[PDB]
Amino acid sequence: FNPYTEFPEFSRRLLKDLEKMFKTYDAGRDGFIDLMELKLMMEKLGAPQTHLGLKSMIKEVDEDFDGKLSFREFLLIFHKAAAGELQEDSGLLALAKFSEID
Ligand SMILES: [Zn+2]
Ligand SMILES: [Zn+2]
Ligand SMILES: [Zn+2]
Ligand SMILES: [Zn+2]
């Protein structure tokens, strides 16, 4: 995976900022954000989600079907947000807006 060629619209600074926030919420340090870690992240950002809501959020970008977010799927959230590809009521749009990145 090459984030610079996959997401050339992201500055190096934004990529580093997104890596930092991925690592912040991967509490278990396994390289993924699972449902429980996303639950905690959404609470901390000020947009708590239901259990099924969190599952729907992950499913939107879960390209390898494992029910958790890899770093490349996390970046995809922000790519979709900036490209106008998330619905106005998606928990993913709340995640991107309330992350206070950019
Ligand atoms: Zn994890
Ligand atoms: Zn749950
Ligand atoms: Zn469940
Ligand atoms: Zn996944």
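We count ligands from 1, going down the list as the structure has it; atoms in each ligand are counted the same way. In what follows, every heavy atom counts, from backbone to side chain, and hydrogens, waters and symmetry copies are set aside. The first residue in the sequence is number 1, and the count goes up from there.
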query: Are the side chain of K80 and the backbone of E60 linked by a donor-acceptor contact shorter than 3.5 Å?
result: yes
- line: Between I101 and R13 the two heavy atoms that sit nearest each other are CG2-NH1, 4.0 Å
message: Taking N, O or S atoms only and a limit of 2.8 Å, check whether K55 reaches the Zn ion (ligand 3).
response: yes
- request: Measuring from the Zn ion (ligand 4), name the closest N, O or S atom belonging to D66.
  value: OD1
message: Closer than 2.8 Å to the Zn ion (ligand 1): does that hold for any N, O or S atom in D34?
response: no
message: Of all the N, O or S atoms in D64, which has the shortest distance to the Zn ion (ligand 4)?
response: OD1
field: Atom nearest to the Zn ion (ligand 1) - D30, N, O or S atoms considered
entry: OD1
From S56 atom OG to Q49 atom CD, the distance as rounded to the nearest 0.5 Å: 9.0 Å
task: Considering non-hydrogen atoms only, spot the tightest contact between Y25 and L45 and give its length.
output: OH-CD2, 4.1 Å
statement: Here the vertex angle at the Zn ion (ligand 1) for O of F32 and OE2 of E37, given to 10°, is 120°
- line: Here the N/O/S atom of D26 closest to the Zn ion (ligand 1) would be OD1
query: Is a donor on one side and an acceptor on the other found under 3.5 Å between the side chain of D62 and the backbone of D66?
result: yes
message: At a threshold of 2.8 Å, where the distance has to be below it, does the Zn ion (ligand 1) have an N, O or S atom of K68 nearby?
response: no
task: Tell me whether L52 is reachable from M57 by hopping between hydrophobic residues (I, L, V, M, F, W, Y) whose side-chain heavy atoms are closer than 4.5 Å.
output: no
Qualifying residue for ring-ring contact (aromatic ring centres under 6.0 Å, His included) with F74, from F10, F22, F1: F22
- prompt: For the Zn ion (ligand 4), which N, O or S atom of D62 is at the shortest distance?
  reply: OD1
query: Is the Zn ion (ligand 4) under 2.8 Å from any N, O or S atom of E63?
result: no
